[PDB]
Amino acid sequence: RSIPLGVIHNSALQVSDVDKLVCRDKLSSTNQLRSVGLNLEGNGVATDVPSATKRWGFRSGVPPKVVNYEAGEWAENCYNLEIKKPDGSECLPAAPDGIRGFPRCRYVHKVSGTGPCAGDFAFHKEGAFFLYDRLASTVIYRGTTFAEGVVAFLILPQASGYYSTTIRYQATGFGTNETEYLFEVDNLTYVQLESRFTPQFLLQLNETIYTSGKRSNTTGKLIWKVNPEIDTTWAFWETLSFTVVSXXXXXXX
């Protein structure tokens, strides 16, 4: 298949190619050609860490491929993965030279933990790309922030503030059907994570935990659980008390 090219005709975006243009179409400079990365976010996909990770999977025998893109979209949700095997060996390769994190992320979901990782590289199960800094890869690199997305190619017609917040999670059984996630409050206080939980709810609950003083006050690990009664939540652009009952389990009602 020939790689499609976007062209504006009759006040609408058309898919075409350079072999299918008419003499009136004018290309006077390579500046008129542009590559754009668009975020899966903008098509309405679930962005919570549980939903997002199930779109990725390990596979051997397929060499990684990288394609550049010149312009991108600000992301609400990005991901940054540090996954090892139970024996402690790395599941993802170090970022190759010159590959940097995606440059505009409102929330960086940083996931550390373990899984079997039954394959040499982690690919997108839907054929999408992992978008880094103006480089789109078929595979995930270790510890390197990315947005899920896809790339478009265009013929142009010739003519505030950046904040970012890292949300940390721990995971077991990563990349399987029995994966479990914990939202990290400090190194000893965690909240059991649900797909329902938005970033701002997580940041809210984190803040209430610190201020109300419900962090672990022990050597041991304190895991909070949020029972279904309370509401947490629509796409991003269009929009209590705690008791211990024991590791140390508890409940936020």
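If you superpose the two forms and keep the largest set of C-alpha atoms that fall within 1.5 Å, you have the rigid core. A residue's number is simply how far along the shown sequence it sits, counting from 1.
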{"query": "Core-aligned Cα RMS comparison in 8 other deposited structures of this protein - stretch that moves more, 188 to 196 or 220 to 228", "finding": "220 to 228"}
{"query": "RMS Cα shift after core superposition in 8 other deposited structures of this protein, winner of 20 to 28 and 6 to 14", "finding": "20 to 28"}
{"query": "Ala159 not built in a third or more of the other entries", "finding": "yes"}
{"query": "Unmodelled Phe242 in at least one third of other entries with both flanks present", "finding": "yes"}
